[PDB]
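**Q** Below is one structure. I have some questions about it.
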Amino acid sequence: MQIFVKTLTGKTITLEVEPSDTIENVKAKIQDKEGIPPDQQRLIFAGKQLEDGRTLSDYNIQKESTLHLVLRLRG
Amino acid sequence: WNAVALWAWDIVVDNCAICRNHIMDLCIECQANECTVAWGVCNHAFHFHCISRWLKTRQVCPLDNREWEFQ
Amino acid sequence: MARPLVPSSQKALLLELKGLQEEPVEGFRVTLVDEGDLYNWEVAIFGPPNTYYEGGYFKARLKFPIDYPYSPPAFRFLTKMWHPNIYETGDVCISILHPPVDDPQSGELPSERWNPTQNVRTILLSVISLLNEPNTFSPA
Amino acid sequence: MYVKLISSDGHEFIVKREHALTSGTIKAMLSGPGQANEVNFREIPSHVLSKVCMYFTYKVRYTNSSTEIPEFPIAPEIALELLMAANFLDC
Amino acid sequence: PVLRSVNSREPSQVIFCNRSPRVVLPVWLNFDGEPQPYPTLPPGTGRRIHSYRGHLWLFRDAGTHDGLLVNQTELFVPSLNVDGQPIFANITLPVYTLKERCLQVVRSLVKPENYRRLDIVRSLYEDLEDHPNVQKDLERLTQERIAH
Amino acid sequence: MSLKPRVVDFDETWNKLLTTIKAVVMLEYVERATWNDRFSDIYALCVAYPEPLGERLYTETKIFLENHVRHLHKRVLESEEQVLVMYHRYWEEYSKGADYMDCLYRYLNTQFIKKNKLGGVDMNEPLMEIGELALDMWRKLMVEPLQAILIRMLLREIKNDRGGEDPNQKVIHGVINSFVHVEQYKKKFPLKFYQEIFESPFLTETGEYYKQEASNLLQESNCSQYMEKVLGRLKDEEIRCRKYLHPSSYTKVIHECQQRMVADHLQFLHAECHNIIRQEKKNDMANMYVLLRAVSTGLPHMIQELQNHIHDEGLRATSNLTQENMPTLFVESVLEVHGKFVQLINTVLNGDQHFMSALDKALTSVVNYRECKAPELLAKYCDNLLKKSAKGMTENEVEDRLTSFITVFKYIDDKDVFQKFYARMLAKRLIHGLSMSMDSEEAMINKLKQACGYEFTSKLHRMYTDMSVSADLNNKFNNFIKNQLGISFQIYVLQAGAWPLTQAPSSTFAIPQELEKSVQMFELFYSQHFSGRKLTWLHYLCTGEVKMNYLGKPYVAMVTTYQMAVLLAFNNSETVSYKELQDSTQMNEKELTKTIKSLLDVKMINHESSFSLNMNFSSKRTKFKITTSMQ
Amino acid sequence: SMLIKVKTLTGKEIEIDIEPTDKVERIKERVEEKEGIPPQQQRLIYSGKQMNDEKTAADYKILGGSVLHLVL
Amino acid sequence: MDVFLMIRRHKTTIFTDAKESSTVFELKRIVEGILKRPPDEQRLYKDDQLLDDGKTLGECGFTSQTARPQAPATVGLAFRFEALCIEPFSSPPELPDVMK
Amino acid sequence: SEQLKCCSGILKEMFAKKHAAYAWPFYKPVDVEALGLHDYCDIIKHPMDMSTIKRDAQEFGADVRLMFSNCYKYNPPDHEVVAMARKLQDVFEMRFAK
Ligand SMILES: Cc1ncsc1-c1ccc(CNC(=O)[C@@H]2C[C@@H](O)CN2C(=O)[C@@H](NC(=O)COCCOCCOCCNC(=O)C[C@@H]2N=C(c3ccc(Cl)cc3)c3c(sc(C)c3C)-n3c(C)nnc32)C(C)(C)C)cc1
Ligand SMILES: [Zn+2]
Ligand SMILES: [Zn+2]
Ligand SMILES: [Zn+2]
């Protein structure tokens, strides 16, 4: 499938992944496509944090959707 | 004859994060009137005028958490 | 008649507002409280579906410093909120809104700290994420 | 426009009715039938009616404005009679 | 009470100048609304005072408590100041009804108890006896504020 | 002077004042001297010595008023059938009185009633200053007793007025306003006696009577006449209310009539709204609008019906069209529908924004109609307007047509397909020169941008900027060459993301010697003057000058690069076969076939096939250019 | 005459056509005419400001293609 | 600068006002409004000497000091011709024995 | 020169609106007549104020310390003025140390 990814640099990109790829794999692909290490990457969809240890099917994200990438946050 | 050959390709826009302007276009501050483009260790492209201010405010790249250094 | 010189911070704020309007961000809307004040913007926060805040409407006030984007703007929720990372006055404790000052004792990385590369949309997304995943390490 | 009050000894006191209408009882005496000018009476001596008229004039001239608004002196001798007359005229 | 000094803790400076021939003792309303006395000011005598922003103060006559008009209103509210210059409040007299003014003259010229010594009816004896209490004025002001 | 304390024979003094006040209250002339003498005696009574008789004066005046108003009630009863007029007379009497006899007792008010008003354990009636006492007792002993009879007769009088009669307006208004005068001097409520004792009965009965009248009109005449007579009734009712009632109830009475003549029959009105609008009966449409505006639930249904009619009319007018001029006929039908119904709404429906919105929705549905066909036709129409084929039209006419096209396109829902057609149309117009006016194209682009943001126009804006940039770069290259190839320079470079005809070639095409030299010079100039993304040579569009010296007269044509190579291939021999030409040109088979066909059509060349140069080829002018027929 | 889309929480972009001088009440009623949401249970959000039922759409600086926020 | 006056004849008395710079003719016009005998019939004095129309009240001795609102001055009256004559008011009462 | 510039910057920061919530009482010298403090002059033998302050940075530091100490000694320990003075002095000491 294909998804939409937005980086902090304003430019927009898309990634071709299946419903079997893991969150870690998606983060690695985003890092390869942009130039940000996975440690300082965070994917947000529908106002919810994307756990690294999961799969796209877990959040039920289909093709043509959008994913928001932000920096590291804490309390 | 006219013929056609165009664009002499040579490799993204590398939009600066601090100013949000184009690489070819001068920085936001320089627009109001020699704005060189400075690249960091992570290869991120940032204008010299905004890169110097960011470094002065804090010695950390805006996108990556690593140090800012040229080639 | 030369037009008044647009400040760099004002131009950056206008560009950010234009980008946000051209690319709507789900879960919130950003608009200026007063047309003549580009440093005072009103943002509406809507609870994401499938969360404890679903169906909620909490207003927030964003104030951008004169040195923007060098310094992160002040973000505080207008509607009364009870969260470990939200103070009674409405201030939001987020590493993104913290100044880029190297604080070894804080435990927050400079990369997670506020940077010029950050944006209002990114700050709103981080706040929304924290609303559902509050950090109890340093409750405010 | 001018009402002609009257005292005991026979004095006739003429004054603008717009001033004289600050006293409720004179306003009543004028608002009745007949026309109600001339307004006669039973007690007041001229020496009390004169002071009441001076109060009427003062109440328009040197008050209701930005100013010092001085005290209009009242002789201690006339105090009782003028108090009773002010009670009657409701001024 | 509805009329009470605001405990904002914000410094405020003022001056209460007496324009009426009477001696005026500035009155201060406390945090709960209870009147609080202040040192008297001689007729034509004025000075500076210290009071936080939002304070509610009134005026009174030195001997008879006869009402005095401060800044063309029953109460004066001092705001914050600029450059340390105290606010300027002017005390001036109201427009007395003749009964009330002659009553005030009788009270000034005859001591507070000697009213029944005078040669008129006991109804106006009763009027004489009423030295205006600040409580009645405060209640009337609260009612007027509620109505308006 | 004033009035002195006195010992007073209360009985005789009160008897004298009693007869005197009697004389004045009954309107009997009384001298001002005597009246002020009564004032005198009243001061005395209220200051009486040794003790004040003010209390007994008040009690005796209360008894006097009770006696008097009871007298007047007995008099009204005795009046039998003249109650309205005689009540009005007594009311004028007693109101003027209790205005006078208030000022006269005003001293007593101040001294006694204002000073003792409250208290006592028993819930006794509070003291009332003389004005309040007089009016309240008038109430309590003339109105409350008769309230039913007065209501009945006043209702009957107003009913006569409705039936065409004209009873005494002054008397009726006075009798209806005394119920509100008796309200004066009490702070509790301003109008409650009148509201709850007249307005409510009168509103009930007027509602009943006009519901009956609505039944009569409906059963008697048709829908149009019914609306007209209902509007007439409402107007006459407003006049009647103004004449008779208190102003606070005008709204309530008119609301009652509207509710009982329109709202409680809205189903028939809605059912016939279909017929009225579908029959474009303008007068009844206006009446229906005015009446249904008075009911919240009315206007939405008429909005729906006008929406449906506009939808159907547009659909019919646009589908019944001939296929000869589909774009122009489509757009003209849409605009004529729009104008007709905008004029109709402004003229007859008061220009209501709701019906304007209905018109907009209906025309949106029509302009997105399909079996998309409508965006296709609209794109074709704007294209045709801008092309050179619109012969005879001036620049102002083109601008007006563009404004109309924008007005029609504002409701185009299929923006994606519209832009898809428009990008190709505009690009073809620009590249081949078919565009009638580049300034007009820029104006249309600006209108589209103002309509739908820069994102929507990105493609067309980029295409126009690219045409301008190609022209500017050609000028700059000419300047650079002059600042230092056998033929001029005219070639195209485009971005593949907007231009739809960007079918870049890939075969090892061999450009002529002059074309190759010019390309080398242009590339050398560009390498130092600019940089960026790479693009393939769009030889299929570029045109250049080729000289045919073999003809009997000189002729030079600015022809396509592929066409130029094909023509130059003839330099080897007069007759050339397809295989030899393909080998010489190195061009794609489809491109070579298209070039051969275009050359045959132009008459330049004549027909495993073989072709020979046309020695009879001629042109209108010695110097000319060939059109890009390689789209 | 303008074209706007009312984005719902799920993600369905409801396209509606309004006038430059339209009213908030009419804009809300349009959603019910095409979405079914009653006008009494709609709270439009635009530029972080709660849409008022009295102010016209021109006071909110609404332009073509603007995404509107509707919360039930 | 205003001047207030207590015009008088016999034991009758009147209350009006004026400006210091006002002419005696203007004051006679005021008396015409009062009486209402027109100015020509009037004949005015202060204290006993006849006034002149052209003279301003300031010239005649009226001043904001001499004719203050609480103590309005006195003007004489006579008509066209007859002499002047003024008499005082009634004597006030006696102070009661308690205030003595 | 550097010490004087740093002292001027610290004074400007103190006078800024950022800390005006607590620096307001010390903007100008205390007005004895307005405050009604008969013994204020006897209590404080050397009055000072931020406006009055506005050899080296040591002199400025000593003046600021004396100004703070005057109010600290005059007012009771639990005074709102004392609390505001302490709040301002915290930032002043932080700036001096930095
Ligand atoms: C002579 C006169 N004639 C007609 S009126 C009058 C008069 C007018 C004003 C005053 C003084 N002002 C007041 O009493 C004001 C008026 C009214 O607004 C209420 N009020 C108060 O002071 C009230 N106070 C407040 O609302 C704030 O409460 C904190 C309580 O402490 C107030 C003062 O303590 C009593 C006497 N001590 C001082 O004044 C010491 C003085 N305090 C302060 C001081 C006082 C309070 C605060 Cl929060 C901070 C600093 C002070 C300074 S300098 C300066 C500009 C100030 C304000 N200061 C320094 C340095 N060192 N000492 C001081 C009250 C009734 C609770 C005492 C005295 C007489
Ligand atoms: Zn970097
Ligand atoms: Zn930059
Ligand atoms: Zn720069």
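Naming works like this for the structure tokens: A, B, ... for the chains as they're shown, residue 1 at the start of each chain, ligands 1 onward in shown order.
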Select, as a PyMOL selection string, those residues of chain F with any atom no more than 12 Å from chain G (distances computed using only C-alpha atoms).
**A** chain F and resi 300+303-304+338+352-365+406-415+448-456
**Q** Do a neighbour search on residue G:60 at 8 Å with only C-alpha atoms, toss out local chain neighbours closer than 3 positions, and write the hits as a list in words.
**A**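 Near neighbours after the sequence-gap exclusion: residues 46, 56 and 57 of chain G.
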**Q** Those selected residues, please, written with C-alpha atoms and delivered as a JSON list (two decimals), in the first residue's frame.
**A**
[["chain", "number", "residue", "atom", "x", "y", "z"],
["G", 46, "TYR", "CA", -13.22, 27.91, 11.95],
["G", 56, "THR", "CA", -22.19, 36.55, 8.73],
["G", 57, "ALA", "CA", -19.66, 34.36, 6.94]]
**Q** Which chain H residues are at most 8 Å from chain D (counting only C-alpha atoms), as a list in words?
**A**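 Residues of chain H within 8 Å of chain D, counting only C-alpha atoms: residues 11, 12, 13, 14, 15, 16, 34, 69, 70, 89, 90, 91, 92, 93, 94 and 95 of chain H.
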**Q** Okay, now the selection with N, CA, C and O atoms, as a PDB file, in the first residue's frame?
**A**
ATOM      1  N   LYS H  11     -42.501  98.340  50.143  1.00  0.00           N
ATOM      2  CA  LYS H  11     -41.948  97.140  50.758  1.00  0.00           C
ATOM      3  C   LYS H  11     -42.025  95.938  49.823  1.00  0.00           C
ATOM      4  O   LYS H  11     -41.779  94.810  50.255  1.00  0.00           O
ATOM      5  N   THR H  12     -42.362  96.150  48.553  1.00  0.00           N
ATOM      6  CA  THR H  12     -42.328  95.058  47.587  1.00  0.00           C
ATOM      7  C   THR H  12     -40.922  94.911  47.011  1.00  0.00           C
ATOM      8  O   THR H  12     -40.168  95.882  46.913  1.00  0.00           O
ATOM      9  N   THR H  13     -40.569  93.687  46.621  1.00  0.00           N
ATOM     10  CA  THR H  13     -39.202  93.370  46.237  1.00  0.00           C
ATOM     11  C   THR H  13     -39.204  92.272  45.185  1.00  0.00           C
ATOM     12  O   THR H  13     -40.141  91.476  45.113  1.00  0.00           O
ATOM     13  N   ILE H  14     -38.147  92.235  44.375  1.00  0.00           N
ATOM     14  CA  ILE H  14     -38.064  91.362  43.209  1.00  0.00           C
ATOM     15  C   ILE H  14     -36.678  90.739  43.151  1.00  0.00           C
ATOM     16  O   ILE H  14     -35.719  91.292  43.696  1.00  0.00           O
ATOM     17  N   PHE H  15     -36.572  89.590  42.487  1.00  0.00           N
ATOM     18  CA  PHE H  15     -35.320  88.855  42.375  1.00  0.00           C
ATOM     19  C   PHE H  15     -34.974  88.599  40.915  1.00  0.00           C
ATOM     20  O   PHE H  15     -35.722  87.927  40.201  1.00  0.00           O
ATOM     21  N   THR H  16     -33.824  89.113  40.484  1.00  0.00           N
ATOM     22  CA  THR H  16     -33.280  88.812  39.164  1.00  0.00           C
ATOM     23  C   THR H  16     -31.761  88.918  39.227  1.00  0.00           C
ATOM     24  O   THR H  16     -31.175  89.123  40.292  1.00  0.00           O
ATOM     25  N   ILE H  34     -39.876  92.035  33.937  1.00  0.00           N
ATOM     26  CA  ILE H  34     -40.426  91.821  35.276  1.00  0.00           C
ATOM     27  C   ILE H  34     -41.810  92.440  35.432  1.00  0.00           C
ATOM     28  O   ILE H  34     -42.767  91.758  35.795  1.00  0.00           O
ATOM     29  N   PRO H  69     -24.335  86.323  45.070  1.00  0.00           N
ATOM     30  CA  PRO H  69     -25.628  85.618  44.980  1.00  0.00           C
ATOM     31  C   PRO H  69     -26.345  85.456  46.308  1.00  0.00           C
ATOM     32  O   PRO H  69     -27.580  85.502  46.336  1.00  0.00           O
ATOM     33  N   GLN H  70     -25.618  85.247  47.407  1.00  0.00           N
ATOM     34  CA  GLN H  70     -26.249  85.143  48.718  1.00  0.00           C
ATOM     35  C   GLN H  70     -26.653  86.497  49.287  1.00  0.00           C
ATOM     36  O   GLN H  70     -27.513  86.543  50.173  1.00  0.00           O
ATOM     37  N   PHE H  89     -37.865  95.170  55.595  1.00  0.00           N
ATOM     38  CA  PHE H  89     -38.690  93.993  55.821  1.00  0.00           C
ATOM     39  C   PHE H  89     -39.172  93.947  57.270  1.00  0.00           C
ATOM     40  O   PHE H  89     -39.086  94.925  58.017  1.00  0.00           O
ATOM     41  N   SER H  90     -39.695  92.788  57.659  1.00  0.00           N
ATOM     42  CA  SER H  90     -40.093  92.568  59.040  1.00  0.00           C
ATOM     43  C   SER H  90     -38.898  92.123  59.877  1.00  0.00           C
ATOM     44  O   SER H  90     -38.002  91.423  59.400  1.00  0.00           O
ATOM     45  N   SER H  91     -38.894  92.540  61.140  1.00  0.00           N
ATOM     46  CA  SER H  91     -37.805  92.180  62.034  1.00  0.00           C
ATOM     47  C   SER H  91     -37.866  90.689  62.366  1.00  0.00           C
ATOM     48  O   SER H  91     -38.946  90.146  62.617  1.00  0.00           O
ATOM     49  N   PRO H  92     -36.727  90.003  62.385  1.00  0.00           N
ATOM     50  CA  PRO H  92     -36.738  88.559  62.651  1.00  0.00           C
ATOM     51  C   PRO H  92     -37.232  88.265  64.055  1.00  0.00           C
ATOM     52  O   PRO H  92     -37.472  89.188  64.846  1.00  0.00           O
ATOM     53  N   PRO H  93     -37.401  86.989  64.402  1.00  0.00           N
ATOM     54  CA  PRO H  93     -37.866  86.651  65.751  1.00  0.00           C
ATOM     55  C   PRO H  93     -36.744  86.773  66.767  1.00  0.00           C
ATOM     56  O   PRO H  93     -35.645  87.242  66.463  1.00  0.00           O
ATOM     57  N   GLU H  94     -37.038  86.345  67.990  1.00  0.00           N
ATOM     58  CA  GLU H  94     -36.028  86.321  69.038  1.00  0.00           C
ATOM     59  C   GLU H  94     -35.375  84.949  69.124  1.00  0.00           C
ATOM     60  O   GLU H  94     -36.042  83.916  69.033  1.00  0.00           O
ATOM     61  N   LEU H  95     -34.062  84.948  69.309  1.00  0.00           N
ATOM     62  CA  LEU H  95     -33.358  83.703  69.555  1.00  0.00           C
ATOM     63  C   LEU H  95     -33.970  83.040  70.790  1.00  0.00           C
ATOM     64  O   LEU H  95     -34.161  83.710  71.810  1.00  0.00           O
TER      65      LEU H  95
END
**Q** Ligand 2: which residues are within 9 Å, counting only C-alpha atoms and all ligand atoms? Reply as an NGL selection string.
**A** (:A and (35-36)) or (:B and (39-46 or 60-69))
**Q** I need the chosen residues saved as a compact mmCIF listing (two decimals), in the first residue's frame, with C-alpha atoms.
**A**
# COMPACT_ATOMS: atom_id res chain seq x y z
CA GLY A 35 17.34 12.16 7.23
CA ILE A 36 16.20 12.00 10.87
CA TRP B 39 25.00 22.31 5.46
CA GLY B 40 25.28 20.41 8.73
CA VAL B 41 26.82 17.09 9.68
CA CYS B 42 23.47 15.37 9.05
CA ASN B 43 23.40 17.00 5.56
CA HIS B 44 20.45 19.25 6.48
CA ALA B 45 20.35 22.45 4.43
CA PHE B 46 19.97 25.69 6.36
CA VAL B 60 21.90 22.19 18.27
CA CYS B 61 20.50 21.56 14.81
CA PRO B 62 16.77 22.30 14.38
CA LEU B 63 15.86 18.98 12.77
CA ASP B 64 18.43 16.58 14.24
CA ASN B 65 19.78 16.58 17.79
CA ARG B 66 23.40 16.30 16.63
CA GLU B 67 25.89 19.16 16.38
CA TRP B 68 25.96 21.55 13.43
CA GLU B 69 29.15 21.44 11.36
**Q** Quick one: everything within 12 Å of residue C:96, counting only C-alpha atoms, minus sequence neighbours fewer than 4 positions away in the same chain. Send it as a ChimeraX atom specification.
**A** /A:40,70-75 /B:62 /C:71-75,92,100-101,108-127,130
**Q** Collect all residues with atoms no farther than 6 Å from ligand 1, counting only C-alpha atoms and all ligand atoms, and output them as number ranges by chain.
**A** E: 9, 26, 38-41, 49-52, 55; I: 25, 30, 35-36, 71, 74-75, 80-81
**Q** Output the neighbourhood of ligand 3 as a ChimeraX atom specification, that is, all protein and nucleic acid residues with some atom at most 7 Å from the ligand, counting only C-alpha atoms and all ligand atoms.
**A** /B:16-21,27,46-51
**Q** Which one is closest to chain F: D:35, D:26, D:5, D:43? Count only C-alpha atoms.
**A**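 Comparing D:35, D:26, D:5, D:43 against chain F, the winner is D:43.
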**Q** Using only C-alpha atoms, which of F:81, F:99, F:51, F:439 sits nearest chain D?
**A** F:99
**Q** Would you mind listing what lies within 10 Å of residue H:31 as a VMD selection string, with only C-alpha atoms counted and same-chain residues fewer than 5 positions away left out?
**A** chain H and resid 7 14 16 25 to 26 36 to 39 42 44 77
**Q** I'd like the neighbourhood of stretch 83-85 of chain D as a PDB file with N, CA, C and O atoms, in the first residue's frame, where a residue qualifies if any of its atoms comes within 7 Å (using only C-alpha atoms), though same-chain residues fewer than 3 positions away should be ignored.
**A**
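Just written: around-v5.pdb:
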ATOM      1  N   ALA D  79     -33.203  80.532  61.797  1.00  0.00           N
ATOM      2  CA  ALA D  79     -33.069  79.114  61.491  1.00  0.00           C
ATOM      3  C   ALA D  79     -34.378  78.369  61.693  1.00  0.00           C
ATOM      4  O   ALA D  79     -34.791  77.593  60.829  1.00  0.00           O
ATOM      5  N   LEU D  80     -35.053  78.593  62.820  1.00  0.00           N
ATOM      6  CA  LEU D  80     -36.265  77.832  63.110  1.00  0.00           C
ATOM      7  C   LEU D  80     -37.369  78.147  62.108  1.00  0.00           C
ATOM      8  O   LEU D  80     -37.998  77.238  61.550  1.00  0.00           O
ATOM      9  N   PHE D  88     -42.665  73.210  54.993  1.00  0.00           N
ATOM     10  CA  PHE D  88     -43.958  73.426  54.351  1.00  0.00           C
ATOM     11  C   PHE D  88     -43.841  73.455  52.832  1.00  0.00           C
ATOM     12  O   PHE D  88     -44.586  72.755  52.141  1.00  0.00           O
ATOM     13  N   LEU D  89     -42.913  74.247  52.296  1.00  0.00           N
ATOM     14  CA  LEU D  89     -42.770  74.371  50.852  1.00  0.00           C
ATOM     15  C   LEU D  89     -42.114  73.159  50.218  1.00  0.00           C
ATOM     16  O   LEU D  89     -42.036  73.089  48.988  1.00  0.00           O
TER      17      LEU D  89
ATOM     18  N   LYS E  99     -34.621  71.966  53.491  1.00  0.00           N
ATOM     19  CA  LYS E  99     -34.848  71.358  54.793  1.00  0.00           C
ATOM     20  C   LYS E  99     -33.559  70.748  55.320  1.00  0.00           C
ATOM     21  O   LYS E  99     -33.179  70.975  56.470  1.00  0.00           O
ATOM     22  N   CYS E 102     -30.882  73.631  56.243  1.00  0.00           N
ATOM     23  CA  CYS E 102     -31.216  74.320  57.482  1.00  0.00           C
ATOM     24  C   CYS E 102     -31.076  73.379  58.664  1.00  0.00           C
ATOM     25  O   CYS E 102     -30.675  73.789  59.758  1.00  0.00           O
ATOM     26  N   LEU E 103     -31.391  72.105  58.454  1.00  0.00           N
ATOM     27  CA  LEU E 103     -31.192  71.105  59.488  1.00  0.00           C
ATOM     28  C   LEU E 103     -29.719  71.006  59.853  1.00  0.00           C
ATOM     29  O   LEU E 103     -29.358  70.925  61.032  1.00  0.00           O
TER      30      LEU E 103
END
**Q** Please report the interatomic distance between atom CA of residue C:7 and atom CA of residue C:45 in Å with one decimal.
**A**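 Distance between the two atoms: 29.0 Å.
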**Q** Can you check which residues of stretch 18-69 of chain B DSSP gives as helix (DSSP H, G or I) on the backbone and send them as a list in words?
**A** residues 28, 29, 30, 31, 48, 49, 50, 51, 52, 53, 54, 55, 56 and 57 of chain B
**Q** Just to be explicit: take each residue in the selection above, keep C-alpha atoms, and write the result as a short mmCIF file (atom, residue, chain, number, x, y, z; two decimals), in the first residue's frame.
**A**
data_model
loop_
_atom_site.label_atom_id
_atom_site.label_comp_id
_atom_site.auth_asym_id
_atom_site.auth_seq_id
_atom_site.Cartn_x
_atom_site.Cartn_y
_atom_site.Cartn_z
CA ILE B 28 13.83 35.75 4.94
CA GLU B 29 16.03 38.38 6.61
CA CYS B 30 18.19 38.80 3.49
CA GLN B 31 15.07 39.32 1.37
CA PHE B 48 23.73 30.88 6.88
CA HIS B 49 21.78 33.90 8.17
CA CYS B 50 19.30 31.73 10.10
CA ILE B 51 21.80 28.96 10.87
CA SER B 52 24.11 31.40 12.68
CA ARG B 53 21.22 32.74 14.75
CA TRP B 54 20.07 29.22 15.62
CA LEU B 55 23.60 28.26 16.68
CA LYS B 56 23.93 31.42 18.77
CA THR B 57 20.62 30.67 20.51
#
